[PDB]
Structures are given as C-alpha cells and as structure tokens.
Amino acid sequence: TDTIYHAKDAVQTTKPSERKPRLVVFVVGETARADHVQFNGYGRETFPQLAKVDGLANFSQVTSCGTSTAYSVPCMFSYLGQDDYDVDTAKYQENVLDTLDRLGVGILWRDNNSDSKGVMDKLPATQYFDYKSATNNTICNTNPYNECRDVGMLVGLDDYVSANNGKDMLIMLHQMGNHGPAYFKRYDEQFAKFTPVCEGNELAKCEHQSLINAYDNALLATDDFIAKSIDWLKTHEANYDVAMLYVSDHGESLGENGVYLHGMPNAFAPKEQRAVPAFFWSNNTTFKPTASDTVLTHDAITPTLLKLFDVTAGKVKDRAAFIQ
C-alpha cells in the first residue's frame, strides 16, 4: 500500500463483548512544562482542579521526543521509539491508531491546535474534525480574540458514544494548550488569576514575571479542561471502563539564558523544552499506573494505549508504559 507495517501481529486478547467496553480520552497537550506543575514542585497551584481528583496519577520524570509540534506528535503515536524515530518518513509508518482502528476500536481525532501531523492520514476523513473554526467548535465567542476554546471539543461526544454503542473507543483531543508567543490569548477571563501579564509582541521586551503569569494562567485553563474531561468520562462509568491520559508534546523556554519559544534541535535544546507533564486517571483499579518518578519518555505512549485496549503486539512488549 506504500505503508510500512510494524504490528501486523497485533491481537486484541479480550473484546468489547467479552468484558466491559472501554472508553478512553487521550488529551494531546502543547507547550506545557513539567517544572510548572505543582505535583512536580512548582510553587503555584496551577492544576487546582486535578489536585482534588481521586485516582489521578502524576508522572514527574517524562521527557518529550522532540521540541516542536511537528516532530513530537508523530513520534507520540509511533512504534519506533525516539532513537529509531525518523520524522521525514513518519507519515508512512503504521502507527498505534492505525493498529487500533484495524482491531475494531473507534478512533476519533478532534483538533483545536493545528493538524494531526499525519497521524490520522490513513484513516477515513470522517474521523478527523477541525475544531479551530466555529464550523465545529461551538465555543469561539467567549473572548475578544474570538479564538475557539479547548472545551468546545467536549461538546457533542455523547452522540459519538451513542452511535458507536458497545464499542471500544479512543478519543484524541488536540489542545491549543499553552502555544504561541501570545500566551494571554490562550485562556478566558475565568483563568486570569495571575497579574500582570504580557501582551507584547516581543517576549524579550516583557517583564519576566508577566510572562510567567500568562503562562500559568494558560496552565489553569488546561487544568480545567482536563478536569472537565474526567467528569465527562465519569458520566459513562456505568456502561464503560473509562480512562484519561494527558501528555504534552514538548516544553517551552521563558527567557532562561535569553531563550524564548521552542523549536531548538534536541542536541542543543535546554532542559525546559523537553520536560513535559503526564497525567493518567482511571475510574477503576482495572489499570494500575507505574510509579510516579519512573524515568519515561514519549515512547511510553504507544504501549500504554495498547495496554488499555488489551492489545498484544510483539514490538512493544519490552517497552515501559504508564500502566502495569
């Protein structure tokens, strides 16, 4: 087909009509720094809603595959691992979502950031939706920049769960998160906790604390979005076994040594551009997460996903996952 396969041997050991069906939300983040998370020692409570969630596992030692929203995302769903990962040929490799779609799991990708980078290309166009425009995202008139909001991705998922009744389901929500240099645009007035913030076009011209405040506000918005995801998943506890996974595609630099956005090559990228937060919540002791401070990378994503849907592929039975 011109596709290079890696998991043709993959097999789902237990099916939806052998046990309770499983519904999972994978929230793909952007620009979130692990060292700006309270659970990892940050001095501000940037995730106050997740702090009150029972069964929520935080991961403090996760490193990203790359430093950009073009390099890390295809690697997050790749089978190869960042060592063997090549970005020029990633679009053509079989990835975890291809494998899961083959095994009967409903894949759904809602994107409020840019695109899937190619992860959803081999899948029918009816499974990818653009939520950056008001065409699909119902929440775009809550701020004076008229930017569509991440929580708009939650509206109308009950109908997807209804149409796919009794199916294993995986839902990727691609966050706008903490992107771009205009951090002050990324959140609504409900989250303007820290002040002042930087409105400037040039980050170098900002006062450092203003930039920090804007970034932390956007982190508050993300915290709220993840929490609302978990609540939504709770509205389906009765019929499905539910779980939520959050990873950021990379970190961000905020003036450390005059460095200000992301994008630097891994060989020279500072520590802040690769340390990302990772969260995992499950209603059920069905899955038991690995230890908090286990040293992990994006290579843990693809095993995790497979483990969630009881899939066995030969390539990734030696891999560290987020669950045991």
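Residue numbers here begin at 1 and follow the sequence given.
Averaged over their C-alpha atoms, the temperature factors of 98-106 and 157-165 are higher for 157-165. For the two regions 226-234 and 83-91, the entry's Cα B-factors average higher over 83-91. Out of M172, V151, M76, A204, it is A204 whose C-alpha atom has the highest B-factor in the PDB entry. Based on the entry's C-alpha B-factors, the most elevated value among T285, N40, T46, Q273 belongs to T285. Among the modelled residues of the chain, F191 sits in the lowest third by CA temperature factor in this PDB entry. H208 sits in the highest third of its chain by CA B factor, as recorded in the PDB entry. The deposited CA B-factor of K117 belongs to the highest third of values across its chain. Annotation for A320: C-alpha temperature factor in the lowest third relative to the rest of the modelled chain, per the entry. In the deposited entry, the Cα temperature factor of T126 sits in the top third of values across the chain's modelled residues.
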